[PDB]
Amino acid sequence: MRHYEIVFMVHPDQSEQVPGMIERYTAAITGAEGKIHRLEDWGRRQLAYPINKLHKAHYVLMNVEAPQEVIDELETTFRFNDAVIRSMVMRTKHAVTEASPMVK
Amino acid sequence: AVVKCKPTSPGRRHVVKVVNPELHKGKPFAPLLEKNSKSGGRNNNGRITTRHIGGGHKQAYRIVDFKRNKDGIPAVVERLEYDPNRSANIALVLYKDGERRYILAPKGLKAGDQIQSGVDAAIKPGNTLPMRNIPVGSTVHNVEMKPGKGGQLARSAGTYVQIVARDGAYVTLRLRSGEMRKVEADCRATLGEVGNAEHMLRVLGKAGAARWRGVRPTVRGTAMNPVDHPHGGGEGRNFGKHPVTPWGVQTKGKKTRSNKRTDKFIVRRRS
Amino acid sequence: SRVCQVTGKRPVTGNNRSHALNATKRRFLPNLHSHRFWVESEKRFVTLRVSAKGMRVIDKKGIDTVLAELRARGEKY
Amino acid sequence: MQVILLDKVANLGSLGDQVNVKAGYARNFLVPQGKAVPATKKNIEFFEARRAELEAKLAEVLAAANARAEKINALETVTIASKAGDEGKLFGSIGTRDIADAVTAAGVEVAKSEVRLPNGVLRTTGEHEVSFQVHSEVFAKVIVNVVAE
RNA sequence: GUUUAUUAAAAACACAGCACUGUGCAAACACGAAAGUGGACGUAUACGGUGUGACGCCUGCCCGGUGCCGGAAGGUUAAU
Ligand SMILES: [Mg+2]
Ligand SMILES: [Mg+2]
Ligand SMILES: [Mg+2]
Ligand SMILES: [Mg+2]
Ligand SMILES: [Mg+2]
Ligand SMILES: [Mg+2]
Ligand SMILES: [Mg+2]
Ligand SMILES: [Mg+2]
Ligand SMILES: [Mg+2]
Ligand SMILES: [Mg+2]
Ligand SMILES: [Mg+2]
Ligand SMILES: [Mg+2]
Ligand SMILES: [Mg+2]
Ligand SMILES: [Mg+2]
Ligand SMILES: [Mg+2]
Ligand SMILES: [Mg+2]
Ligand SMILES: [Mg+2]
Ligand SMILES: [Mg+2]
């Protein structure tokens, strides 16, 4: 289908229920017959500037190969989730399973 | 869509229609009607209280759901109807269990799209849910003032009310006039702008196009005699006095708000 | 009507006398308030439309002596 | 308003004081809740002679059942099942009758006017301390769990 | 179109259009010593008042006066 690279920044009060979200967001991708390539929970992280008057966030990197109908659905799942502050769905030409620079 | 009428007679010269083809070209739903007798602007004493009301085409009251109570039952819009009582077109909704109601139709809601009230209603136009569950920043209409009372804010043709803030138990609403009124967060609010947004684009075009709606002619005050209006008299056209109502109250600027009970719910007046 | 149920007050009519003694007829309305009184012998609230003199009287005689007048007067409560 | 007292009120006296109160505080709160009698010369002799210590038989068996409404609730296993959205975002909020329906089934058949809440909504799923005022003298600490549906 | 039934049918009133202004709803306002009712089973794209009176090109300068609106530090002033 179409290859995307979704990174989203979870409010750090909801860091405990970050796998409570990825058990759905991945399941909407693998449940729409679309693969998931890499899933790298980056963990809590200091921000370079305070978004929404707070200085840390729990990041999640998730490459996705999905048809585009379940990604606009997924952006509107980040949009009305009041936990995830920022999402960023970048489109990538190929599926990269090679690990991040910020896993090491 | 508006249709500029062609000038085949004076009084069709300036008429600009609002031709909506989505509206139902047939009878309304007969159980949801009741009698709306006219009054002519006359109270129980029989006196004219409000002036310039009388005449016009006969109407029947559509029992429109403003309270929107059927929680957790999805409903599908069966058709859109023309409502003579108001400036927004209404929508015959058919619930799953079989009850038909009317609602004020939102902006994009046409026949087939499934709406749903409740607390868990999906956030898309048509859905009514309490304003502690609506996200801050969205545009809602049919907003209550007290919970369970019925929709009272943004209930006209193309009006909407933004939820600018939520601080605890009250939400601050940028109303359609510009007033910032605090309504409780338990009050229901139907999503989306309300439907007939091009209603202000119509031109009545002729004098008897207002008499059809029950707008008797408005005699301005500076023509009357001095016993009839404060603006009377003059051996010519004389108006050497400050513009007042027929009862002496100033018009061109004087604020006549006397409600000190609910000054607490008002963050700002309008500009 | 503007009648305090306890003290039997009533609007009396006098004059708005002014600085040049112009007499226009006015009314002296009593200070009636509709109040829920705790009747301890019945344990229900009796709403008496009572003035503010008639709440000084109820706080003096007690509500059970006042409501024992309103029966003998022949008045509902 | 010279008034007599029948229970200790927090900042004017104990049972059996002749305290000046403002005349609406006795007319609306002290006498209609039975904490007082208007101090007429017929009610001085009725109380300060007869029931000067006979009320301490009754006002202390009013609070003898206080701990019997509290100390038997040493289980502290209360669960309310309400529908939520996801990761909080509660569909059905837990009120005070909602706590007083699950303290009801688990322990005391408790009145709903006792539940003291610092929040009042309990929208977020999790543990929450729910203190009580089952008498105006000794207070409780029962922590009620909200569990998703 | 309307109007001085019974010396004035008109350039007068109306009018669609425009603007100002009030009005957040138990609305403003009106009729009522009050209850209430009209407004309206309408909710600012709504309603009341005011002036102008389709349409086209347009609506300039003055806030000293007289009102209105916003200010509230000072002065002066009621019952108490
Ligand atoms: Mg009018
Ligand atoms: Mg006119
Ligand atoms: Mg006009
Ligand atoms: Mg004249
Ligand atoms: Mg006059
Ligand atoms: Mg002249
Ligand atoms: Mg002049
Ligand atoms: Mg005289
Ligand atoms: Mg003619
Ligand atoms: Mg004539
Ligand atoms: Mg004639
Ligand atoms: Mg003639
Ligand atoms: Mg003119
Ligand atoms: Mg120009
Ligand atoms: Mg000019
Ligand atoms: Mg000036
Ligand atoms: Mg000036
Ligand atoms: Mg001023």
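Numbers and lists here come from the model and the stated rules, or from a named source; no laboratory instrument gave them. Reconstructed Cβ throughout: ideal geometry from the backbone, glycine too, with neighbour counts over all protein chains shown.
Of all residues in the stretch B:188-203, those that are among the hydroxyl-bearing types (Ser, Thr, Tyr) have Cβ atoms under 7 Å from Cβ atoms of residues that are in a strand (DSSP E or B), 6 or more apart or on another chain, in B:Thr190/B:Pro106; B:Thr190/B:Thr128; B:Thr190/B:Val140; B:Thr190/B:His141.
I'd like to check something: does the stretch B:249-257 contain any residue that is away from ligand 6 (no atom under 16 Å from the Cβ) and within 30 Å of B:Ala169 (Cβ to Cβ)? Yes, there is a match, as at least one residue in the stretch B:249-257 is away from ligand 6 (no atom under 16 Å from the Cβ) and within 30 Å of B:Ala169 (Cβ to Cβ). The requirement of being within 12 Å of RNA strand E (Cβ to nearest atom) and either without any contact (Cβ under 8 Å) to a residue 12 or more places away in the chain or in a loop (DSSP other than H, G, I, E, B) (or both) is fulfilled somewhere in the stretch B:27-37, by at least one residue. Among residues of the stretch B:48-70 being under 17 Å from the mean Cα position of the chain (by Cα) and without any contact (Cβ under 8 Å) to a residue 40 or more places away in the chain, the one that is farthest from ligand 4 (Cβ to nearest atom) is B:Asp65. Could we say that B:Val77 is more than 27 Å from B:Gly208 (Cβ to Cβ), in a strand (DSSP E or B) and either among the hydrophobic types (A, V, I, L, M, F, W, C) or free of Cβ contacts under 8 Å to residues at least 60 places away in the same chain (or both) here? So B:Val77 fits the description; yes. Residues in the stretch D:1-44 that are hydroxyl-bearing (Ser, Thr, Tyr) and either away from chain C (no Cβ under 13 Å) or closer than 23 Å to D:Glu60 by Cβ (or both): D:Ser14 only. From the residues in the stretch D:60-103 that are within 14 Å of chain A (Cβ to nearest Cβ) and of a type in the set (A, V, I, L, M, F, W, C), which one is surrounded by the fewest Cβ atoms within 10 Å (Cβ to Cβ)? The extreme case among them is D:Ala84. Being surrounded by 10 or more Cβ atoms within 10 Å (Cβ to Cβ) and either under 32 Å from the mean Cα position of the chain (by Cα) or assigned by CATH to the domain that holds B:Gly178 (or both) is the filter here; which residues of the stretch B:218-229 pass it? B:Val219, B:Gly221, B:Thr222, B:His229, listed by residue number.
The set of residues from the stretch C:23-56 being touching a strand residue (DSSP E or B) at 6+ places or on another chain (Cβ under 9 Å), outside any strand (DSSP E or B) and either free of Cβ contacts under 8 Å to residues at least 12 places away in the same chain or among the hydroxyl-bearing types (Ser, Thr, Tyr) (or both) comprises C:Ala23, C:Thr24, C:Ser51. Picking from residues in the stretch B:48-72 that are surrounded by 14 or more Cβ atoms within 10 Å (Cβ to Cβ) and basic (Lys, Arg), the one that is farthest from ligand 1 (Cβ to nearest atom) is B:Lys70. Figure legend. Inter-residue proximity from the stretch B:148-168: first residues at positive phi, second residues surrounded by 21 or more Cβ atoms within 10 Å (Cβ to Cβ), beta-carbon distance below 6 Å, spacing 6+ or different chains. Indicated pairs: B:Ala154/B:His141; B:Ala154/B:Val143; B:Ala154/B:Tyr160; B:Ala154/B:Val161. When the stretch B:230-249 is filtered for residues that are surrounded by 13 or more Cβ atoms within 10 Å (Cβ to Cβ) and within 16 Å of ligand 1 (Cβ to nearest atom), the ones remaining, listed by number, are B:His231, B:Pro243, B:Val244, B:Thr245. Looking only at residues in the stretch B:82-101 that are surrounded by fewer than 20 Cβ atoms within 10 Å (Cβ to Cβ) and within 16 Å of the chain's Cα centre (by Cα), the one that is nearest to B:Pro28 (Cα to Cα) is B:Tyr82. Scanning the stretch B:7-49 for residues that are out of contact with any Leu (no Cβ under 7 Å at 6 or more places or on another chain) and aromatic (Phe, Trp, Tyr) gives no hits. Note on the stretch D:12-70: residues that are under 30 Å from D:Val142 (Cβ atoms), of a type in the set (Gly, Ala, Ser) and without any contact (Cβ under 8 Å) to a residue 60 or more places away in the chain amount to 6. Of the residues making up the stretch B:201-245, those that are more than 27 Å from B:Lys6 (Cα to Cα) and of a type outside the set (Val, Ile, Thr) number 22. Filtering B:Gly205, B:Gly232, B:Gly221 for residues that are away from every other protein chain (no Cβ under 14 Å), over 30 Å from B:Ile163 (Cβ atoms) and more than 7 Å from RNA strand E (Cβ to nearest atom) leaves a single hit, B:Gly232. What about B:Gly158, is it outside the structural domain of B:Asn89 (by CATH), surrounded by fewer than 19 Cβ atoms within 10 Å (Cβ to Cβ) and in a loop (DSSP other than H, G, I, E, B)? For B:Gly158, the condition - outside the structural domain of B:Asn89 (by CATH), surrounded by fewer than 19 Cβ atoms within 10 Å (Cβ to Cβ) and in a loop (DSSP other than H, G, I, E, B) - is not met. Of the residues C:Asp64, C:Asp59, the single one that is part of a helix (DSSP H, G or I), touching a strand residue (DSSP E or B) at 6+ places or on another chain (Cβ under 8 Å), within 13 Å of chain D (Cβ to nearest Cβ) and without any contact (Cβ under 8 Å) to a residue 24 or more places away in the chain is C:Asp59. So how many residues does the stretch A:40-62 have that are closer than 14 Å to A:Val7 by Cβ and either touching a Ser or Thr at 6+ places or on another chain (Cβ under 7 Å) or surrounded by fewer than 13 Cβ atoms within 10 Å (Cβ to Cβ) (or both)? Result for the stretch A:40-62: 4.
Residues are listed down the side, and each one gets a yes or a no for (1) of a type in the set (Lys, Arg); (2) more than 19 Å from A:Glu98 (Cα to Cα); (3) within 14 Å of chain D (Cβ to nearest Cβ):
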| residue | (1), (2), (3) |
| --- | --- |
| A:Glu5 | no, no, no |
| A:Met21 | no, yes, yes |
| A:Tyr25 | no, yes, yes |
| A:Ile29 | no, yes, no |
| A:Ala32 | no, yes, no |
| A:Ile36 | no, no, no |
| A:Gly43 | no, no, no |
| A:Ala57 | no, yes, no |
| A:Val64 | no, no, no |
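Inspect all residues belonging to the stretch B:215-226 and state whether any of them is closer than 30 Å to B:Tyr102 by Cβ and either away from ligand 6 (no atom under 16 Å from the Cβ) or in contact with a helix residue (DSSP H, G or I) (Cβ under 8 Å, 6 or more places away or on another chain) (or both). Looking through the stretch B:215-226, at least one residue is closer than 30 Å to B:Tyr102 by Cβ and either away from ligand 6 (no atom under 16 Å from the Cβ) or in contact with a helix residue (DSSP H, G or I) (Cβ under 8 Å, 6 or more places away or on another chain) (or both). Taken over the stretch B:187-201, the residue count meeting the criterion of being surrounded by fewer than 16 Cβ atoms within 10 Å (Cβ to Cβ) and basic (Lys, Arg) is 0.
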